[PDB]
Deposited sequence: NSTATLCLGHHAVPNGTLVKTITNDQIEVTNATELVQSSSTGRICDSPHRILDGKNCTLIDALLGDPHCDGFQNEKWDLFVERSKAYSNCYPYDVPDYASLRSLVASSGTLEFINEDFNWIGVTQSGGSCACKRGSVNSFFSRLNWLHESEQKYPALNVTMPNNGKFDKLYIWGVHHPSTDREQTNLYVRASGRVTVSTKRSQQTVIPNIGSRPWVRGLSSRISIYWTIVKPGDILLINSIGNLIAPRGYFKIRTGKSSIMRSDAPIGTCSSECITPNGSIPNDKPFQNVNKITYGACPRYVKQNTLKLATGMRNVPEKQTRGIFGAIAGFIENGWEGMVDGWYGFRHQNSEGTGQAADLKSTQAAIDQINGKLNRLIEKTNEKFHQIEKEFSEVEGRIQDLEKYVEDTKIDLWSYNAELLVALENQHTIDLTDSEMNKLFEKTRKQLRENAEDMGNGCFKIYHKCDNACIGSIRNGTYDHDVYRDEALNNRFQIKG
């Protein structure tokens, strides 16, 4: 009757979520957000990166000039997308260190080809084959020049091509491996052919190997592909007594942010900074679980499929009025912290805006820092493999597996530390509001232990409102309160 009760409390929800800390792996909070991107639209957005769909063409086949890949001449790309349906339909070939050539062309990001006037004296040029038709006529790789004898003669070829410019040149050349000895001599006169391509700083000599190889598109012969980069001021010198597959020029080789990716995802008209073989994914989350192969500004790949970041306080279900001691207020929806009172004029409830904003601001602060930083990668290493290789592939897999486990640990520890700090900061906001009310009341109230104060004087609605507003004057009620406290009963 002659007293009033003022209780301090915090909100609670009927649909909490479980998050993790260092101590507890299952603590319930009022709200949480997902830090692992796990879904993808399924399509590769054509912005902001220049996407080049290879369709039926590998990058190497477009480089060499497979007739069905003619549409890729002089193309440029930020990301070349190789399809699993791609195929070769020209002269059967292999590339020693196929992965390295594919990688350096993918990183260069252009197929800009410049024809140079190589003068091959005494030999027939542009040899054709039935296994490489262009317009239903025998043909060959567009960027290579199959040379063979003329008038039953094959004079030693010795041709120089100096780089008098200011950019590097990429030369693609080959060596022809016949099937039989009659084939070797009908094409190159001599029974053994040498091919030597050298600069001032390097030399490469290849000896053809004659022998029956399994039929591929009707042919038992093969061609081995090689490459050579000529620096400005350096000179390209090509020397051959036979089996030379000559270049028709050079490719402009650049240094850029371009790469290549194996994917069957369709190309879509959208904008997304991050691309995976599953399609583009958003980068609003710090981590992702779609694919370890990424291109562009991406979240970091982790092994966990979900990592829940607490964005509210610990959810304590609700138990006269009572305070926050082992009791949450599911009826308080307009704020995270508030006051419940009971006086002579009834009861009421009001939220505290400052302490509510103080907790939201700290959580929005962790979010802005969790969604920050730079993981924008371009050409990296390969991470899936279709053949068994051994040592080099063992090291490539180990590096990536080591990397993923280290970032999985970082993500796991980061969320647990963030959640514990979120729990502590929200618990401190409740304590700071309780202690601020204690200091206002001075000797006019007593801590009841359950988060409520027993105010030892008649405190009407204007009096309760002054405590909530922070304008409570304890000298006004001190004499009345001291009498109610220290009275004999």
* **Segments lacking C-alpha coordinates (deposited sequence numbering, starting at 1)** => 320-326, 497
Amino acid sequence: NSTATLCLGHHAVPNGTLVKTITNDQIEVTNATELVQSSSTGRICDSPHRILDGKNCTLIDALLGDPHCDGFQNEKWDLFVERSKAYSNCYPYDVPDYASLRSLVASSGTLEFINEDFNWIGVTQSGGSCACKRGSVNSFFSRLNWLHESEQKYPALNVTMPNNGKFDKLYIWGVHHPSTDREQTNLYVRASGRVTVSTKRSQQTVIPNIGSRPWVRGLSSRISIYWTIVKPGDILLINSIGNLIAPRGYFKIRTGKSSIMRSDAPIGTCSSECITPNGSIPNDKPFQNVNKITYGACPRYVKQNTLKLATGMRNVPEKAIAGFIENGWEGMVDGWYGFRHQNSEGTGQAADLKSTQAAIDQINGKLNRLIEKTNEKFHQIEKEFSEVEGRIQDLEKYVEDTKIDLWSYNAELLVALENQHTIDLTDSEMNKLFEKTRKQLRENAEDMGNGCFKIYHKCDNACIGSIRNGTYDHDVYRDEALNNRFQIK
From here on, numbers count along this sequence of modelled residues.
* Asked: Going by the B-factors listed in the PDB entry, is the mean over the C-alpha atoms higher for 321-329 or for 99-107?
  -> 321-329
* To do: Read off the CA B-factors in the entry, average them over 399-407 and over 332-340, and name the higher stretch.
  => 332-340
* Among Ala246, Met313, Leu219, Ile275, where is the Cα temperature factor highest, going by the PDB entry? -> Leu219
* Which is it among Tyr154, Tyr93, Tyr171, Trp120: the one with the largest CA B-factor in the entry? -> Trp120
* Going by the entry, which third of its chain does the Cα temperature factor of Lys55 land in? -> lowest
* To do: Can you work out whether the C-alpha temperature factor of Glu412 puts it in the lowest, middle or highest third of the chain?
  => lowest
* **Where the record places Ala32 (Cα B-factor, split into thirds across the chain)** => lowest
* Asked: Taking the C-alpha B-factors as the PDB entry records them, is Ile260 in the lowest, middle or highest third of its chain?
  -> lowest
* Could you look up the Cα B-factor of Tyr87 in the entry and say which third of the chain it sits in: lowest, middle or highest? => highest
